[PDB]
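The structure appears right after this line, and notes come after that.
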Amino acid sequence: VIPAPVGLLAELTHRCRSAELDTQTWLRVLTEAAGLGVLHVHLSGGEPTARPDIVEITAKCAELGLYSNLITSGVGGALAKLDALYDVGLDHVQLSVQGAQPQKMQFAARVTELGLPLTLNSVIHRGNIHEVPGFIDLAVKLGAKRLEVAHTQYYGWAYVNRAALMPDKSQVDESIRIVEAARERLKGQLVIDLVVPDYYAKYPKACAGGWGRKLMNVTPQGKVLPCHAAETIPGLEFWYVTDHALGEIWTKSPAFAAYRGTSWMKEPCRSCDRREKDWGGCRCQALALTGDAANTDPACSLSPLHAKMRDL
Ligand code: SF4
Ligand code: FES
């Protein structure tokens with residue numbers, strides 16, 4: 001009844017202090033993740049290249065057949081370690097291009113020069129959503145294979161830093177025409193991935209496929225979260241990889257079990273057809289916008305607080 005995980009977000013550090021895990025503990029987590037069935041491993045955190053053992057960690061992903069994605073800013077010593085990371089079998093690179101930046105270009109040019117698939121990532125909001133054409137030209141200029149533009153904080157999970165920062169319905173309708181025209185314009189050259197607030201949807205989307213249903217986030221100290229923003233929710237018992245095997249955390253840790261399945265649900269989700277399709281929406285949005293994480297996501301039209309959130 002409990003599904004196998006597919007992705008793993010490894011926050012290796014918060015650097016750009018001394019409480020970070022040892023190399024051997026990360027190598028164990030990667031091994032246990034492959035044993036559970038994880039496919040993708042996102043090497044990130046603050047700056048994953050700041051780790052001295054970043055090459056050995058990347059090599060273990062290749063040794064275990066895990067698809068490694070280096071989520072990095074591309075600044076500082078990131079370019080120095082790129083050649084070694086390529087040699088050990090780094091599968092993919094994701095450069096957050098939010099726009100000093102000259103050295104991001106040198107890192108990006110070297111990634112494509114080695115033949116690695118590059119993905120520019122950028123966070124868009126009401127202020128900088130007019131910059132989407134500039135991001136499209138940059139991705140083509142650098143020769144990236146993919147371009148991500150998302151109003152959410154972390155791609156995959158549906159959570160925002162603030163509500164007033166979100167873009168207009170007019171801006172979303174505008175950013176569809178820009179992205180769709182550029183998709184046809186660059187069918188084979190670039191892949192464009194847009195994530196924006198759905199102002200026409202009556203029902204919400206499953207956040208990361210559902211709580212405790214796909215992804216794991218592992219903090220630098222070894223704390224395992226069902227999502228990046230899960231520490232927002234109070235009363236959750238997170239387990240550490242230093243005290244349990246990853247499989248026991250995925251299946252038995254109270255933080256993962258808390259909002260997994262449908263037994264936790266309040267109305268209207270508890271008596272709803274779509275309860276096992278979107279899983280009540282996003283827990284963190286519910287908490288951040290209603291005060292209780294077990295509430296229905298206000299993004300849903302059946303939420304009683306949808307009338308207030310829509311006016312905001
Ligand atoms: S009510 Fe709960 S389950 Fe039914 S749609 Fe709205 S969110 Fe998804
Ligand atoms: S971000 Fe949607 S569940 Fe935590």
Cut-off 11 Å, label 7 Å out along Cα→Cβ of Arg15, residues of the stretch 55-98 by amide N: 77
Positive-pole candidate from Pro254, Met166, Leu116, dipole of the chain, charges at beta carbon: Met166
Cross-link partners of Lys252 among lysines (Cα-Cα below 21 Å; sequence separation of 8 or more within a chain): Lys214, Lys223
The stretch 249-295 versus the stretch 45-87: alpha-carbon centroid distance in Å: 34 Å
For the chain, with +1 on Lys and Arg beta carbons and -1 on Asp and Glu, the positive-most of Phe135, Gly76, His125 along the dipole: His125
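Tally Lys/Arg at +1 and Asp/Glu at -1 over every other residue whose Cβ is under 15 Å from the Cβ of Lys187; what's the total?
Working: positive: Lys145, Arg146, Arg183, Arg185; negative: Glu180, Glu184, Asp193.
Counting the neighbours of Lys187, the net charge comes to +1.
Going by average Cβ neighbours within 10 Å, how do the peptides 178-191, 214-227 rank, with the highest at the top? If you can, show how the numbers build up before the last one.
Working: 178-191: 13.3, 214-227: 22.1.
Final packing ranking: 214-227, 178-191.
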Net charge dipole size for the chain [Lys, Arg +1 and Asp, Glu -1 on Cβ; Debye, nearest 20]: 600 debye
Cα→Cβ-extended label distance, 7 Å offset, between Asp137 and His244, nm: 5.1 nm
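Output the antiparallel fraction of DSSP beta bridges having both residues in the chain, as a percent to the nearest 5. Walk me through the numbers on the way to the answer.
Details: 3 of 35 bridges.
Percentage antiparallel, nearest 5: 10.
So if each residue of separation counts as 0.36 nm, and I subtract the Cα-Cα distance between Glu174 and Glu267, what length gain in nm does that give? Please report the intermediate quantities before stating the final value.
Working: separation 93, 0.36 × 93 = 33.48 nm, distance 3.53 nm.
Difference between extended and current length: 29.9 nm.
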Cα centroid separation, the stretch 161-176 to the stretch 110-142 (Å): 19 Å
Within the stretch 154-312: Cβ-based charge dipole about Cα centre, in debye rounded to nearest 20 (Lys, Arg +1; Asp, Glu -1): 240 debye
Neighbour cut-off at most 12 other Cβ (10 Å), DSSP loop, chymotrypsin sites (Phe, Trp or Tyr not before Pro), the stretch 163-229: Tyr199, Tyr200
Charge dipole of the chain about the Cα centre (unit charges at C-beta), most positive-ward option of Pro220, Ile54, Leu147: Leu147
Sum of side-chain charges, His92 neighbourhood, beta-carbon under 13 Å (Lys, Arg +1; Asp, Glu -1): 0
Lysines whose Cα lies under 19 Å from that of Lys141, excluding same-chain neighbours fewer than 8 positions away: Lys104, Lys187
Cut-off 11 Å between beta-carbons: net charge of the residues surrounding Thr23, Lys and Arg +1, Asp and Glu -1: -1
Mean Cβ count within 10 Å, highest first, over the residues of peptides 19-26, 105-112: 105-112, 19-26
For the stretch 12-158, alpha-carbon Rg over 2.2 N^0.38 Å: 1.06
Electrostatic dipole magnitude of the stretch 197-289 [Cβ: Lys, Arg +1; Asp, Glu -1; Cα centre; debye, to 20]: 280 debye
Alpha-carbon spread of the chain, three principal axes, descending order, Å: 54, 49, 33
Cα→Cβ-extended label distance, 7 Å offset, between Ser301 and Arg185, nm: 3.4 nm
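None of the figures in this text is laboratory data; all of them are computed from the coordinates on show. Cβ coordinates were reconstructed from backbone atoms using ideal geometry, including for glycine residues, and neighbour counts include every protein chain displayed.
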